[PDB]
$ cat run_28.cif   # mmCIF, C-alpha atoms; chains and numbers go by the auth columns
data_my_file
#
loop_
_atom_site.group_PDB
_atom_site.id
_atom_site.type_symbol
_atom_site.label_atom_id
_atom_site.label_comp_id
_atom_site.label_asym_id
_atom_site.label_seq_id
_atom_site.Cartn_x
_atom_site.Cartn_y
_atom_site.Cartn_z
_atom_site.B_iso_or_equiv
_atom_site.auth_seq_id
_atom_site.auth_asym_id
ATOM 1 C CA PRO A 1 125.437 101.313 109.801 0.00 52 L
ATOM 2 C CA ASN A 2 125.225 101.801 106.044 0.00 53 L
ATOM 3 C CA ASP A 3 121.607 102.778 105.391 0.00 54 L
ATOM 4 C CA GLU A 4 121.815 101.709 101.726 0.00 55 L
ATOM 5 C CA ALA A 5 122.198 97.991 102.504 0.00 56 L
ATOM 6 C CA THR A 6 119.035 97.813 104.613 0.00 57 L
ATOM 7 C CA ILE A 7 116.987 99.323 101.778 0.00 58 L
ATOM 8 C CA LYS A 8 118.347 96.802 99.276 0.00 59 L
ATOM 9 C CA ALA A 9 117.713 93.880 101.634 0.00 60 L
ATOM 10 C CA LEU A 10 114.144 95.040 102.280 0.00 61 L
ATOM 11 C CA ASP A 11 113.499 95.439 98.551 0.00 62 L
ATOM 12 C CA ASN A 12 114.902 91.970 97.847 0.00 63 L
ATOM 13 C CA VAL A 13 112.819 90.273 100.543 0.00 64 L
ATOM 14 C CA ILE A 14 109.697 92.114 99.356 0.00 65 L
ATOM 15 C CA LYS A 15 110.355 91.006 95.773 0.00 66 L
ATOM 16 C CA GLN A 16 110.817 87.409 96.946 0.00 67 L
ATOM 17 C CA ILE A 17 107.530 87.494 98.867 0.00 68 L
ATOM 18 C CA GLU A 18 105.675 89.073 95.937 0.00 69 L
ATOM 19 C CA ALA A 19 107.048 86.468 93.523 0.00 70 L
ATOM 20 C CA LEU A 20 106.070 83.625 95.862 0.00 71 L
ATOM 21 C CA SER A 21 102.503 84.964 96.159 0.00 72 L
ATOM 22 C CA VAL A 22 101.657 84.912 92.430 0.00 73 L
ATOM 23 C CA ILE A 23 102.203 81.195 91.697 0.00 74 L
ATOM 24 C CA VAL A 24 98.885 79.512 90.900 0.00 75 L
ATOM 25 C CA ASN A 25 98.003 75.809 90.966 0.00 76 L
ATOM 26 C CA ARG A 26 95.786 74.753 88.057 0.00 77 L
ATOM 27 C CA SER A 27 95.586 71.320 86.425 0.00 78 L
ATOM 28 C CA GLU A 28 93.447 70.397 83.421 0.00 79 L
ATOM 29 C CA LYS A 29 93.898 66.622 83.301 0.00 80 L
ATOM 30 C CA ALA A 30 91.653 64.412 81.178 0.00 81 L
ATOM 31 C CA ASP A 31 89.410 61.565 82.352 0.00 82 L
ATOM 32 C CA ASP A 32 90.139 57.816 82.479 0.00 83 L
ATOM 33 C CA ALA A 33 86.826 56.965 80.767 0.00 84 L
ATOM 34 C CA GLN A 34 87.368 55.378 77.306 0.00 85 L
ATOM 35 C CA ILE A 35 85.306 56.486 74.242 0.00 86 L
ATOM 36 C CA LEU A 36 83.437 53.407 72.901 0.00 87 L
ATOM 37 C CA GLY A 37 82.739 52.640 69.213 0.00 88 L
ATOM 38 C CA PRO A 38 80.102 50.578 67.341 0.00 89 L
ATOM 39 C CA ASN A 39 80.396 46.756 66.924 0.00 90 L
ATOM 40 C CA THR A 40 78.306 44.023 65.193 0.00 91 L
ATOM 41 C CA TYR A 41 77.765 40.424 66.446 0.00 92 L
ATOM 42 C CA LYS A 42 79.333 37.922 63.966 0.00 93 L
ATOM 43 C CA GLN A 43 77.698 34.602 62.913 0.00 94 L
ATOM 44 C CA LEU A 44 79.376 31.226 63.637 0.00 95 L
ATOM 45 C CA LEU A 45 78.934 28.557 60.902 0.00 96 L
ATOM 46 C CA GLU A 46 75.947 26.157 61.249 0.00 97 L
ATOM 47 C CA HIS A 47 74.526 23.129 59.349 0.00 98 L
ATOM 48 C CA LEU A 48 70.741 22.462 58.988 0.00 99 L
ATOM 49 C CA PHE A 49 69.221 19.216 57.561 0.00 100 L
ATOM 50 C CA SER A 50 65.681 17.695 57.654 0.00 101 L
ATOM 51 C CA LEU B 1 124.841 88.630 114.890 0.00 655 S
ATOM 52 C CA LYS B 2 121.291 87.885 116.063 0.00 656 S
ATOM 53 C CA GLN B 3 122.310 88.402 119.692 0.00 657 S
ATOM 54 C CA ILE B 4 124.135 91.613 118.728 0.00 658 S
ATOM 55 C CA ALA B 5 120.982 92.974 117.013 0.00 659 S
ATOM 56 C CA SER B 6 118.530 91.999 119.807 0.00 660 S
ATOM 57 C CA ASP B 7 120.620 93.882 122.429 0.00 661 S
ATOM 58 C CA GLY B 8 119.341 97.432 121.683 0.00 662 S
ATOM 59 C CA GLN B 9 120.587 97.807 118.069 0.00 663 S
ATOM 60 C CA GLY B 10 117.997 100.185 116.534 0.00 664 S
ATOM 61 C CA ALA B 11 116.043 99.431 113.331 0.00 665 S
ATOM 62 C CA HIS B 12 116.184 101.687 110.219 0.00 666 S
ATOM 63 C CA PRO B 13 113.551 104.510 110.580 0.00 667 S
ATOM 64 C CA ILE B 14 111.674 103.298 107.426 0.00 668 S
ATOM 65 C CA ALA B 15 110.113 100.429 109.462 0.00 669 S
ATOM 66 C CA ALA B 16 107.968 102.941 111.438 0.00 670 S
ATOM 67 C CA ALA B 17 107.420 105.026 108.300 0.00 671 S
ATOM 68 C CA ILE B 18 105.888 102.056 106.462 0.00 672 S
ATOM 69 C CA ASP B 19 103.841 101.130 109.531 0.00 673 S
ATOM 70 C CA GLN B 20 102.446 104.674 109.658 0.00 674 S
ATOM 71 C CA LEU B 21 101.834 104.892 105.895 0.00 675 S
ATOM 72 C CA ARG B 22 99.976 101.571 105.684 0.00 676 S
ATOM 73 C CA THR B 23 97.305 103.061 107.949 0.00 677 S
ATOM 74 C CA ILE B 24 96.938 105.967 105.513 0.00 678 S
ATOM 75 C CA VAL B 25 96.586 103.458 102.670 0.00 679 S
ATOM 76 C CA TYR B 26 93.588 101.812 104.357 0.00 680 S
ATOM 77 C CA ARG B 27 91.580 104.986 104.930 0.00 681 S
ATOM 78 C CA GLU B 28 91.694 106.441 101.387 0.00 682 S
ATOM 79 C CA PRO B 29 91.550 103.652 98.786 0.00 683 S
ATOM 80 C CA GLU B 30 90.926 105.601 95.582 0.00 684 S
ATOM 81 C CA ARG B 31 93.995 107.780 96.177 0.00 685 S
ATOM 82 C CA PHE B 32 96.084 104.657 95.461 0.00 686 S
ATOM 83 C CA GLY B 33 93.907 103.303 92.642 0.00 687 S
ATOM 84 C CA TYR B 34 92.237 100.275 94.215 0.00 688 S
ATOM 85 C CA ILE B 35 88.618 99.380 95.208 0.00 689 S
ATOM 86 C CA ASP B 36 87.631 96.712 97.776 0.00 690 S
ATOM 87 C CA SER B 37 84.650 95.203 95.859 0.00 691 S
ATOM 88 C CA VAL B 38 82.382 95.695 92.783 0.00 692 S
ATOM 89 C CA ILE B 39 78.620 94.902 92.449 0.00 693 S
ATOM 90 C CA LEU B 40 77.284 93.360 89.171 0.00 694 S
ATOM 91 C CA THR B 41 73.514 94.027 88.720 0.00 695 S
ATOM 92 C CA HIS B 42 70.763 94.280 86.025 0.00 696 S
ATOM 93 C CA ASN B 43 68.591 96.963 87.752 0.00 697 S
ATOM 94 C CA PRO B 44 70.890 99.669 89.290 0.00 698 S
ATOM 95 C CA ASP B 45 69.580 102.143 91.984 0.00 699 S
ATOM 96 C CA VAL B 46 71.546 105.468 91.976 0.00 700 S
ATOM 97 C CA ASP B 47 72.672 107.046 95.313 0.00 701 S
ATOM 98 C CA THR B 48 70.859 110.442 95.430 0.00 702 S
ATOM 99 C CA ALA B 49 73.496 112.165 97.639 0.00 703 S
ATOM 100 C CA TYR B 50 76.135 112.184 94.851 0.00 704 S
#

$ encode --input "run_28.cif" --output "structure tokens"
Amino acid sequence: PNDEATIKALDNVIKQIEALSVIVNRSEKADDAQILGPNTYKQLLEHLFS
Amino acid sequence: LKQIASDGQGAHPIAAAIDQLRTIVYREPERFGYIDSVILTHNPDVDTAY
């Protein structure tokens, strides 16, 4: 056996495992709530007589 | 190839070397520049022995 291929294979598999073990899962999504604004009731036309 | 390897084909000596060195790593942490845990506190109490 060529002892220099085993070392390279071990290094490669160790690098793969180390790379796979650093990935993090973090999400910073917003919320579905809607910001509300001010409003004023409007007046419908009316007629007054006595 | 898997059957060929299982039938008495010996592993590269480094396997046992790493297994034996990992035990050394556990027993003396600060020789390899790592600490298991840290304590954050506002009123520290010194260890008199040191």

$ resolve_selection --input "run_28.cif" --expression "the PyMOL selection byres ((chain L) within 9 of (chain S))" --output "ChimeraX atom specification"
/L:54,57-58

$ atom_distance --input "run_28.cif" --atom1 "atom CA of residue 52 of chain L" --atom2 "atom CA of residue 657 of chain S"
16.6 Å

$ residues_around --input "run_28.cif" --residues "residue 686 of chain S" --least-positions-apart "6" --cutoff "12 Å" --atoms "all atoms listed in the file" --output "mmCIF file with C-alpha atoms, in the coordinates of the input"
data_model
loop_
_atom_site.group_PDB
_atom_site.id
_atom_site.type_symbol
_atom_site.label_atom_id
_atom_site.label_comp_id
_atom_site.auth_asym_id
_atom_site.auth_seq_id
_atom_site.Cartn_x
_atom_site.Cartn_y
_atom_site.Cartn_z
ATOM 1 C CA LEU S 675 101.834 104.892 105.895
ATOM 2 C CA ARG S 676 99.976 101.571 105.684
ATOM 3 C CA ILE S 678 96.938 105.967 105.513
ATOM 4 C CA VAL S 679 96.586 103.458 102.670
ATOM 5 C CA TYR S 680 93.588 101.812 104.357
#

$ atom_distance --input "run_28.cif" --atom1 "atom CA of residue 674 of chain S" --atom2 "atom CA of residue 691 of chain S"
24.4 Å

$ atom_distance --input "run_28.cif" --atom1 "atom CA of residue 685 of chain S" --atom2 "atom CA of residue 65 of chain L"
22.4 Å
